[PDB]
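Only one chain is given next, in C-alpha cells, and it is the form deposited in one PDB entry.
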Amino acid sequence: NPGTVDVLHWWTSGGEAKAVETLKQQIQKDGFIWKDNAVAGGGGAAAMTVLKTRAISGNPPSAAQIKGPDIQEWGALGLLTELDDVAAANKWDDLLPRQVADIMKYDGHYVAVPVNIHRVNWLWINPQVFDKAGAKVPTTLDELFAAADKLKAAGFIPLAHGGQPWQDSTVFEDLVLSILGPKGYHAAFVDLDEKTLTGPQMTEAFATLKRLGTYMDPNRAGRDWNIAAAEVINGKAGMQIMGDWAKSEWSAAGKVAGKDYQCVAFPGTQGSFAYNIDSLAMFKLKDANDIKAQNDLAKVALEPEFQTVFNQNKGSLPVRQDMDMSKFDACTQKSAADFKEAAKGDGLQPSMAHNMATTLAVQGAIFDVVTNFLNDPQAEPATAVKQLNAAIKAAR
C-alpha cells in the first residue's frame, strides 16, 4: 500500500518523542507508512489500557511496547507472531545479551524485539545548584540526606519527585536495592520470598522511604516525570531519582554532562544495575503489506545506525552488543561499564517498577502498598511490610 507500521508506545515527552522520531524517519526512509499510536502516560499504564482494547480488536497494532514477564501473557494468548526467520538472519542470539534474549521469547521463539537497555538506579544532579547549596554529590544514604538538607536550607526543591505510583516505586526499589543489596532485592521482587519481603531490611527500606518523603513537595501528586526533570534542568531542584530516560530531557534541552548535570549510581547501589528493557512485541497481522512493514520494523530495531541514533536521543544504552560506544555520551558510557561490572556478579537485576521482575498484577499490589505508605506521613514501616506480603499473595 506500501504497508503501515503502527506501534503502540508511550514515548511522548520532549526527549522520548525525539527518540521515536528516529524510528518514524527510518520507517519512512524504507518506504512504509508511519502511523503512530502514542499513548501518553509515564511508565505506560495508560498505553496498556489502550492495548487491552486494540489487542483483541481486529486491528491490533504492528507492535506494542510490552516488557518483561508480561510478554509471556501475550505469547500464551497466541496473539504474537514468531520472528524465527528475521532472528536467524540478523543473528539475534549473537547480538543480544542472553539475559535479554530469553525475555523476548515465548516457548523458544522470539515474539518481541528489544531496542535498548535502560538503567533505572540513577540519581541526576545539578552541579550548579549543588555548588550554590555547598552540597556534596552523595555516595551513601547518609550523604543523600545531607545533600537534601543543604538543598532545602539553600532554598531549592531538595528532591524533584512526581507523585505517581510508578515513580514512588522507582524510588522505593532503589532503596531496596541500596539496603538489601542485589541478592536480597532478587529474593524480594523476583522470588517474592516472604521472609525477605517482611524482614528488618525491607522494613528499614520503608523507614528510609518515609524520611525521603519528608523532603518531597507536599503537592507533587499527579506530576509527570518530565515536570520533575525540568525542575532540575531549570535549577529549581538539586536532584531527581530517575532512570536514564531522564537524560533524554537533558539532551533535548541542549545540556552537557559535567557542566549542566551529573549521573551517579543511586547511593549504596554502586555495583548493581537495575535494568529496564524496552521491547516491541509483534502481533500477528492479517494484511500482506502491513506484514512487510512489520518485517521492516523488526529489521530496523537492531540495525546499528538506528541503535545509535535512537539511544543517543532516548538516554539508554543500545541493546545490540557490537556497538561503537564512543558515539554515545559520557553518562551512557558510564552505564555500559557499570552494566558490564554488574553482569559479572549478581549485581544485574530486573527493575520491578519497570515491569522486568514481576507480572503486572504483582507489580500493581506493590505500587499500591508503596504509594499508600509514602502518602501517609504517620504510617508504620512494620505495617507496610505485612501489607506488602499480603497484597502480593493476594494478587497471584
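Each form is matched to the other, and the largest set of C-alpha atoms that superpose within 1.5 Å is called the rigid core. Numbers for residues come from their place in the sequence shown, where the first is 1.
Here the subject shifts to the form deposited in another entry, a form of this protein not shown in this document.
- Looking at CA displacements between this form and the one not shown with the core superposed, a shift of 2 Å or more is confined, among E143, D193, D84, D260, to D84.
- If you fit the rigid core between this form and the one not shown, you'll see the Cα of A17 move by 2 angstroms or more.
- The Cα shift for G68 between this form and the one not shown, taken after rigid core superposition, is smaller than 2 angstroms.
- Core-superposed comparison between this form and the one not shown: the CA of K344 stays below a 2 Å shift.
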